[PDB]
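Working notes for the structure below.
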Amino acid sequence: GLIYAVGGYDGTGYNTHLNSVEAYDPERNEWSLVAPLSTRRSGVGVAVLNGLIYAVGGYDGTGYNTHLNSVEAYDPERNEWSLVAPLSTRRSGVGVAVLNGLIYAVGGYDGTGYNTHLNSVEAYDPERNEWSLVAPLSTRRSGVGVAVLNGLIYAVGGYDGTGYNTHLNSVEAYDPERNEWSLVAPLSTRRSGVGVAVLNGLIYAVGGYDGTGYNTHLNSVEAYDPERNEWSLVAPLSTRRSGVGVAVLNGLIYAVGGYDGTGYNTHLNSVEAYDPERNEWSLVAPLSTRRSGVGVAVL
Ligand SMILES: [Ca+2]
Ligand SMILES: [Ca+2]
Ligand SMILES: [Ca+2]
Ligand SMILES: [Ca+2]
Ligand SMILES: [Ca+2]
Ligand SMILES: [Ca+2]
Ligand SMILES: [Ca+2]
Ligand SMILES: [Ca+2]
Ligand SMILES: [Ca+2]
Ligand SMILES: [Ca+2]
Numbered sequence: 006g007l008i009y010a011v012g013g014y015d016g017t018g019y020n021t022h023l024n025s026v027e028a029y030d031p032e033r034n035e036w037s038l039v040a041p042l043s044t045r046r047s048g049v050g051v052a053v054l055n056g057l058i059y060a061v062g063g064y065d066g067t068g069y070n071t072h073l074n075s076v077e078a079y080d081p082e083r084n085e086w087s088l089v090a091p092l093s094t095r096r097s098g099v100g101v102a103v104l105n106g107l108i109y110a111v112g113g114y115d116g117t118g119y120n121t122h123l124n125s126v127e128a129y130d131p132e133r134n135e136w137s138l139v140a141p142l143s144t145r146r147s148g149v150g151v152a153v154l155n156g157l158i159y160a161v162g163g164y165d166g167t168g169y170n171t172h173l174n175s176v177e178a179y180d181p182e183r184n185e186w187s188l189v190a191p192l193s194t195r196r197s198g199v200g201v202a203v204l205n206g207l208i209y210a211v212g213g214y215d216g217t218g219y220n221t222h223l224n225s226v227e228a229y230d231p232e233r234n235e236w237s238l239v240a241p242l243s244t245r246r247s248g249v250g251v252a253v254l255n256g257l258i259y260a261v262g263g264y265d266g267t268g269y270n271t272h273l274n275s276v277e278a279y280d281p282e283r284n285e286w287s288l289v290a291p292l293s294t295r296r297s298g299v300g301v302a303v304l
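Below you can see the structure in the form of structure tokens.
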């Protein structure tokens, strides 16, 4: 029952992309560092499946200077990472979610091979160690938030630096039974690097960067109600954060790290918890290391 913060980018302290990993214990309000990844990765997608944490893709701007297709799995019982089958396509800022026993890697940016933001989508089957491409998004999206609700995968916001050259407020839902994406109600604000989590039947979109309309890193937060196809703005964060990791644990939404390129001009180690019963954010123990583009999962 811990929050894991996987990789990221420290553009303030060490000026480096991170392979380090920390785990948060909410009962004691303590972060602690565990086994690091084999590869430094910012913009890394993180999902939990079969008791393992998967770190999918990312960007290594320190060691290899490349966008990554490699994938690693973390076993908390032995404190070991291990590399598994890589994606068909390199992807940073990739969204990851788990549905029906498969890991979906949604969109991202390939700044190494194809030099393009991606609408493609791949599913990983752990029983066979195989990735396979499925129906692509309607719109290319990097820095895209992804969450699963009511048997559907939602792709929230992102940045299309290839087709429309715009940060996106649009939202798509994937139906695995028919291999179809469909566009639904868009956000009030365009957001790339947006954190997405599901709590109490609602999708929360946390922070992000609006480089198109407001030209600002965001502290605002929106909740999506699928029964009515409506987004609504709720209590904002204490700090603006793009590339923020978001996870749900014990009824609270945790917003982990990120980048404030508007107010403080710094990468963040701070962490906030959202209480939906009171519509309140509150700051808790910060990470040992500042990190934006950080992957967050709960296990
Ligand atoms: Ca500690
Ligand atoms: Ca290992
Ligand atoms: Ca390139
Ligand atoms: Ca395959
Ligand atoms: Ca472009
Ligand atoms: Ca469709
Ligand atoms: Ca702009
Ligand atoms: Ca609304
Ligand atoms: Ca700035
Ligand atoms: Ca508060």
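Counted the way the authors' numbering counts, the sequence shown spans residues 6 to 304.
Beta carbons are placed, not taken as given, at the ideal position from N, Cα and C, and that holds for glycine.
In DSSP terms, what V176 is bridged to:
Residue 176 sits at position 171 when you count from the first residue of the sequence shown. Note: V176 sits in a beta bridge opposite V161, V189.
On the CB-based measure, 16 or more other CB atoms within 10 Å of its CB, does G156 come out buried or exposed?
If you number the sequence shown from 1, residue 156 lands on position 151. The residue is exposed, with fewer than 16 neighbouring Cβ atoms inside 10 Å.
So who's on the other strand from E235, going by DSSP bridges?
As a first step, residue 235 must be located in the sequence shown, where it is residue number 230. BP columns for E235 point to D230.
Please determine, among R246, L38, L54, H22, the residue with the shortest C-alpha to C-alpha distance to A302.
Within the sequence shown, residue 302 is the residue found at index 297, counting from 1. Nearest C-alpha to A302: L54.
Less than 6 Å between the CB of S37 and some heavy atom of ligand 1, yes or no?
Taking the first residue of the sequence shown as position 1, residue 37 is located at position 32. Checking every heavy atom of ligand 1 against the Cβ of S37, one is found closer than 6 Å.
Quick one, which of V126, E235, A178, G216 has its alpha-carbon nearest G198's?
Along the sequence shown, read from residue 1 onward, the residue named residue 198 stands at position 193. That would be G216, whose Cα lies nearest to the Cα of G198.
Using a threshold of 6 Å, is the CB atom of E85 nearer than that to any non-hydrogen atom of ligand 2?
Here residue 85 corresponds to residue number 80 of the sequence shown, with the count starting at 1. Yes, the beta carbon of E85 sits closer than 6 Å to at least one heavy atom of ligand 2.
I'd like to confirm the pairing. Which residues does DSSP put opposite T21 in its beta bridges?
The residue labelled residue 21 in the question sits at position 16 within the sequence shown. For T21, the pairing in a beta bridge is given by DSSP as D15.
Would the beta-carbon of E135 be found less than 6 Å away from any heavy atom of ligand 4?
Position 130 of the sequence shown, counted from the first residue, corresponds to residue 135. Result yes, Cβ under 6 Å from ligand 4.
Any 3 or more C-beta pairs closer than 8 Å across the segment 217–224 and the segment 188–196:
Result yes; three or more Cβ-Cβ pairs closer than 8 Å.
Given 8 Å as the limit, is there contact between the segment 286–293 and the segment 22–40, that is, 3 or more CB pairs closer than that?
Flag = yes, the segment 286–293 and the segment 22–40 touch.
Using the C-alpha atoms, what's the distance from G12 back to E27?
Reading the sequence shown from its first residue, position 22 is the one you call residue 27. Reading the sequence shown from its first residue, position 7 is the one you call residue 12. Those two C-alpha atoms are separated by around 9 Å.
For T267, which residues in the same chain have their Cβ closer than 6 Å to its Cβ, ignoring the five residues on either side in sequence?
Stepping through the sequence shown from its first residue, residue 267 is reached at position 262. Hits under 6 Å: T221, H222, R245.
Excluding five sequence neighbours on each side, which residues of the same chain lie with their C-beta closer than 7 Å to the C-beta of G106?
The residue labelled residue 106 in the question sits at position 101 within the sequence shown. The beta carbon of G106 sits closer than 7 Å to no other beta carbon from its chain once the five residues preceding and following it are set aside.
Straight-line gap, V76 to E127 (C-alpha atoms, nearest Å)
Mapped onto the sequence shown, residue 76 falls at position 71. Mapped onto the sequence shown, residue 127 falls at position 122. Cα-Cα distance, rounded: 13 Å.
Whole-angstrom distance between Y14 and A90, CA atom to CA atom
Indexing the sequence shown from 1 puts residue 90 at position 85. Indexing the sequence shown from 1 puts residue 14 at position 9. The straight-line gap from Cα to Cα measures roughly 24 Å.
With the cut-off set at 7 Å, would you say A10 and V211 are in Cβ contact?
Translated into the one-based positions of the sequence shown, residue 10 becomes position 5. Translated into the one-based positions of the sequence shown, residue 211 becomes position 206. Not in contact: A10 and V211 (Cβ atoms no closer than 7 Å).
When you measure from the CB of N174 to every non-hydrogen atom of ligand 7, does any distance come out below 6 Å?
Counting from 1 along the sequence shown, the entry for residue 174 is found at position 169. The answer is no for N174.
Is it buried or exposed for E177, if we count other Cβ within 10 angstroms and need 16 for buried?
The residue given as residue 177 occupies position 172 in the sequence shown. Around the beta-carbon of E177, 16 or more other beta-carbon atoms lie within 10 Å, marking it buried.
Residue nearest to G250 in terms of C-alpha spacing, selected from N274, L188, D230:
In the sequence shown, counting from the first residue as 1, residue 250 sits at position 245. Nearest of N274, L188, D230 to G250, Cα basis: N274.
Go ahead and label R233 buried or exposed: buried means 16 or more other beta carbons lie within 10 angstroms of its beta carbon, across all protein chains shown.
If you number the sequence shown from 1, residue 233 lands on position 228. Classified as exposed, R233 has fewer than 16 neighbouring CB atoms from the shown chains inside 10 Å of its CB.
Between the segment 158–175 and the segment 107–114, are three or more C-beta pairs nearer than 8 Å?
With a cut-off of 8 Å, the segment 107–114 and the segment 158–175 count as touching, because enough Cβ pairs lie within range.
Are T17 and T271 closer than 7 Å when you measure CB to CB?
What you label residue 17 is simply residue 12 of the sequence shown in a count that begins at 1. What you label residue 271 is simply residue 266 of the sequence shown in a count that begins at 1. Yes. Within cutoff.
Could you check the C-alpha separation between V239 and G262 for me, to the nearest Å?
Sequence index remark: in the sequence shown, residue 239 carries index 234 (1-based). Sequence index remark: in the sequence shown, residue 262 carries index 257 (1-based). Straight across, the Cα-Cα distance linking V239 with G262 is about 20 Å.
Any heavy atom of ligand 6 closer than 6 Å to the beta-carbon of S125?
As a first step, residue 125 must be located in the sequence shown, where it is residue number 120. With a cut-off of 6 Å, the C-beta of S125 is classified as distant from ligand 6, since no heavy atom of the ligand falls inside that distance.
Quickly, what does DSSP pair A78 with across the bridge? List them, please.
The residue labelled residue 78 in the question sits at position 73 within the sequence shown. DSSP, once it has assigned bridges, lists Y59, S87 as partnering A78.
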